[PDB]
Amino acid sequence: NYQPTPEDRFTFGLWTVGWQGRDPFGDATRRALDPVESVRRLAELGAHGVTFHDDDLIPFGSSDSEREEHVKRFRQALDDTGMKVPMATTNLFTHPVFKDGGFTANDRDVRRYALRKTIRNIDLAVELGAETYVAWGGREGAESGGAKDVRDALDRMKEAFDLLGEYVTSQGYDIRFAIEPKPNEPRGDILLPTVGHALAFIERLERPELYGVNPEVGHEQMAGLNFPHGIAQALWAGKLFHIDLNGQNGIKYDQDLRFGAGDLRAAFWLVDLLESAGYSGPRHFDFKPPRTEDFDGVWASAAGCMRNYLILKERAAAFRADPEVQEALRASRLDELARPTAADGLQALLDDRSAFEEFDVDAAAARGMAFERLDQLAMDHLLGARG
């Protein structure tokens, strides 16, 4: 019955199940969770591991002895359960000091602090076994046009990520970075607002091989973009280092619904792509159990994340295995799309009368794509309504 097990690689942030329910218009509806409790409960649900922001695990402003106690307890829970920590990240957004950014704050002293805060937590992430270190620059941006010279901000952004790369290289760490885009919220506009912008920026870093993306379902959907398509571009670039899975209903505030909620067909096509491409990284959920829920509802929502992935995995696999689908894909020329356009080379293409003077454009135009029949097979598979 779609029961997750550790090899399914499902992970959760401490801040997900641990979200107390404060929003822009409301106070907390749930008590804080002890990270130890979350590790044990997630393990019992069949999770593979957890992730954290520095300040989720160690309260901001902790002394070194307080810090070591929080880390010791957490490590004992990880030890006891075999839960992994594949990813961690820095909170560069909550504290008021980051109101204008971390790495791109106009105040230089804040930018330096942001880097030091990040470096401290890289060391901890590495100790705990993380392979990826995520950066969500939620405060990088502006509400007004004069407040932020974006070229200079990108210079600062590059400087910061280059220093982090120099740091991990100097320590011999194999951890890689994953930049997480978001278009807006909490800033009016956030820098590097989409997968594409982040991918482009990475190509201007000194050591681009150390950086990839951590796309989040809902974030690309906040710009009305097709999440599967963006994932395909990330995979095509070799840069899908990690992913955040959740749900979102279109263009509005960041909802962080459980995975499978929001745009269900997009979730189907995402799972189909990840499985077809052989994505091997964590299936990480960055979600918030709605503040209507009590803790039983927290754990139900978490369990639903994993369940929906597994159901969708089964349906996508059935779709791709169905001989009727395989024939529909041929009818729609998906196989021709995989063939090089002109492996014969430029001069042969220029000399090919079949490609121009003798190309019967009308006959080609008349050939239907058969995409609706293919899509209704896909629908039937998703809904368990075959044959």
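In case it trips you up, residue 1 is the first one in the sequence shown, and so on.
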property	result
Stretch with the higher entry mean CA B-factor, where the candidates are 50-58 and 355-363	355-363
Between the two ranges 164-172 and 144-152, the one averaging a larger CA B factor in the entry	164-172
From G278, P193, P290, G304, residue of greatest CA B-factor	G278
Chain thirds of CA B-factor: placement of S63	highest
Chain-relative CA temperature factor third for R187	lowest
Lowest, middle or highest third - CA B-factor, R207	highest
Entry-reported Cα temperature factor of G129, expressed as the chain third it lands in	highest
Cα B factor band for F268 (lowest, middle or highest third within the chain)	lowest
